[PDB]
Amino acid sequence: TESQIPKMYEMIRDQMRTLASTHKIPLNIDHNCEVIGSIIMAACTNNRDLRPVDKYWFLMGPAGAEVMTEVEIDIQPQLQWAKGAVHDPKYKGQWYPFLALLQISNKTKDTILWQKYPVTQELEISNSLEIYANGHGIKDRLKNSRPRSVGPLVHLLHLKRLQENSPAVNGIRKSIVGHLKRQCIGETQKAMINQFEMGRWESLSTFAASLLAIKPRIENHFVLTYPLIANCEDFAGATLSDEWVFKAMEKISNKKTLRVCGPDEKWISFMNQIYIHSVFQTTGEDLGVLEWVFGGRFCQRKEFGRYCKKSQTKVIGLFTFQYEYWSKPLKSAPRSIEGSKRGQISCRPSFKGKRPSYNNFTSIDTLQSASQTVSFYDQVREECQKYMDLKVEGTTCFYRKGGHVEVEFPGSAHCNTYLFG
């Protein structure tokens, strides 16, 4: 499944530099790579909506005198290659599943800079839940190539849209539900999806809230963004899922040739952190964990105002990256109550001596563990409290840099803080 990753990375980077050098467009500027990279993406996917010759905005000029200017560029070489490469048997069909991950990676930056909440706004649920709407805005043909990488509310938004629009309805609805029930591990959650499948949406707010307790299964992959791809000189053992990516970004960072763009120099750490969020998909991650992993503090998006408009970005510094530990991408749900037992959570004193009094429950509702028939909302709450009661998240381990020696994450005072908090 990753045998072709090396050669597909190579093919992307090549088409990028071919098209950039033909029009004298320097690829040591990350903004140029972002625009060139998205044009190549569009030739592989929506072959018919882009124009054979069109004008785009690049940083043109010599040796740090670059200015943004509209360059007319011709894609019919890249277009002809792209329409073949979709079905080329040499890639063993691994092309579209790879393009979808590449689009998730390369669209991450804009979802950070231009924080909106299209999916929870359309579903009419709390915008705290947009963290589970990832992969929104990917071309649909790519979405069918990576349904496990698409957040559960994207699938849920697809289901409700279906009910507000043919005999193919029985087959489309079946597969959307199928993607939903693989992601949503809760017994009460699958029951709620069943209700949604029959158009009964009363459970929506409760289902949506349950996703922060009984967390869904979201597949992650570590995919380089277009500026990294163009400036990577060796894809020899490329993976999307182990220390290679970490080592690849350190190698480019050490080259100190790729420059990054932004509104002004106060953004230079943030831009660089945005590379980590795109490649490793840590946009939703705990910032305390991230600081430990990469060895530096991460900004929250609050710490800056609105991004400037893409035409008014400027070079503001150099790409930089380093890391202290690494980890593989999570594929299973982060929390499991399998073989979990809430044990003693209260004191039964035997000494008369006074001492502080604890209650490890918010109310006696949180301890109602049910035999006598129970109501559905209580079923939900009880199942959620079981996952809430877990004190650890994740599945295996972090590794020290330069090997696979397992190092337990020690903790942080910056834990339980978040990029959009």
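Don't overthink the numbering: it's just position in the shown sequence, from 1.
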Going from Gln344 to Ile345, the deposited residues skipped in the model number none
Residues of the deposited chain absent from the coordinates between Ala370 and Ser371 total 1 to 3
Higher of the two mean Cα B-factors (166-174, 124-132; per PDB record) comes from 166-174
Assert higher mean C-alpha B factor (51-59 or 387-395, deposited values) equals 51-59
Among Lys331, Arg335, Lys310, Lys190, highest Cα B-factor in the entry goes to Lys310
In this crystal structure's PDB entry, the residue among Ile218, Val289, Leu212, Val71 with the greatest CA B factor is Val71
So, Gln103's CA B-factor, relative to its chain, sits in which third? The lowest
Assert third(CA B-factor, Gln76) within chain per record equals highest
Temperature factor at the Cα of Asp242, chain-ranked in thirds, falls in the lowest
Of the three thirds of the chain ranked by Cα temperature factor, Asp264 occupies the highest
Chain-relative C-alpha B factor for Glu285 (record values, thirds): the lowest
